[PDB]
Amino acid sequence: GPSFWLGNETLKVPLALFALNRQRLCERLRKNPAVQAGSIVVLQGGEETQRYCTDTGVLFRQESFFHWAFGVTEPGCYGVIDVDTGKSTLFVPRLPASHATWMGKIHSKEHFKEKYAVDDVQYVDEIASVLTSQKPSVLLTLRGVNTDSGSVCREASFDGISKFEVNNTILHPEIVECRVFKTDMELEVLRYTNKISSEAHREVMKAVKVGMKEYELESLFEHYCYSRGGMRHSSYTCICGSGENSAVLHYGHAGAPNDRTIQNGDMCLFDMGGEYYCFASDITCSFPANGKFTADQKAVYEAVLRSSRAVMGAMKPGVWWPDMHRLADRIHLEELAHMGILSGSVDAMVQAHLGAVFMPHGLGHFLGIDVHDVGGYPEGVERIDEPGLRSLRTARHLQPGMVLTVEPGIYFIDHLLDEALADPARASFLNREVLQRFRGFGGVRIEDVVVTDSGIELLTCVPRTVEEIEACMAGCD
């Protein structure tokens, strides 16, 4: 069948991927006792947007649920699926003649049917008429809360939808659950996205020089990913933190826009991931700006390497993700104690939640079409109200087919350190004379993407040991 492809060495993605997702969704809905026979799933695709009230077009990126189901790149579409038969109908805009002049060829409905391997293609202005003729019991629309953003996903609407019976509660949990488990075809794309991003991270590490601006590496990364990988978008805004900025978890946004000069002695923390055909990647590399770890940098780095490897090794079906987070906490504390930053019983440190002082974020998250992928907190899965753990983007048990980031880190964040030092329950563990040395150190984060099977499959491939990193940065083959 047909494939998405951007030529050269980019990945051919079969449109069968999306057909399988539609089938999987129907199969799941068919098992749901609340789903009426003759129900039709109705999804609305993303529309073109502009900057505020200007005519400056924003590059269109498809809505993630719609993409998962149809893989459609064009704006202004709808897509429906007959639950009982699995029949798919794509609705495309009926374009004006002038489109030929300004935007490109006005493709036929047949062209789109062939392109996307759907069962039928109709025009958007015909959606109410077409659906009316099918005599559905109910339209299943998509409404639910994203547990990372807290935003409500708004459901499909079209002219005349009020004449139909609409249910907006059933679909969201079901399609989310399908997205949690990646098909082999989806896994092929995620192998690719992480391959390209891994290559780009290596190129960045080879290119870093003292005196460069952080954003020079952001540019290089995105350039490698687009020109060599066909990745027009990144999965998220590049985080290129040097020096103290490596302690800032989502550094690189408009408020702190990767504009610091990399200095000799700095640690770099580069968190970047290209996107291909709306599939994510997410990799974080940490390394000395000047290519040689100091003793302190080596110690902090290898502590995070230890937790990273320990977590990956321990991941198997049935493992509770919060246990992996606590495992990383314990290892970090052990290492910080070995370094002399901490003293006392590690057991006592854990009970006092001292790990969260050094790793305030979650150990890792689901990844797929969104970098922070959906389904981390389905009904019945509760967020843990403790430092560190409350920032976990899922509290689920691991199962085969899940795709997760593994991203332990250790940071020296002043307001968290100062808080702990004011608290007698935590201050006793901390050696102020030693900790003082690490103020302004920044931080280290080591992030890989993995797939759960009988254990895990590692999708990311970058230099990780101190020896590997120093060799890579010294221009070694």
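Residue numbers run from 1 along the displayed sequence.
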Completion exercise
Quick note on 168-176 and 120-128: per-entry mean CA temperature factor is higher in 120-128
Handout entry: 103-111 versus 196-204 - which carries the larger mean C-alpha B factor in the record
Key = 103-111
Fill in the blank from the handout: Reading the B-factor column for Cα atoms of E216, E275, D282, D84, the highest value belongs to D84
Practice task
Just grab whichever of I161, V304, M324, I369 has the top CA B-factor as deposited.
Solution key: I161
Practice task
Consider only the C-alpha atoms of the modelled residues in this chain, order them by B-factor as the entry records it, and name the third containing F181: lowest, middle or highest.
Solution key: lowest
Practice task
Place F66 in the lowest, middle or highest third of its chain's C-alpha B-factors, as listed in the PDB entry.
Solution key: lowest
Exercise for the section: Comparing against every modelled residue in the chain, figure out the third that the C-alpha B-factor of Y52 lands in (lowest, middle or highest). Expected result: highest
Handout entry: Chain-relative CA temperature factor third for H353
Key = middle
Exercise for the section: Could you tell me which third, lowest, middle or highest, the C-alpha B-factor of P424 occupies within its chain? Expected result: highest
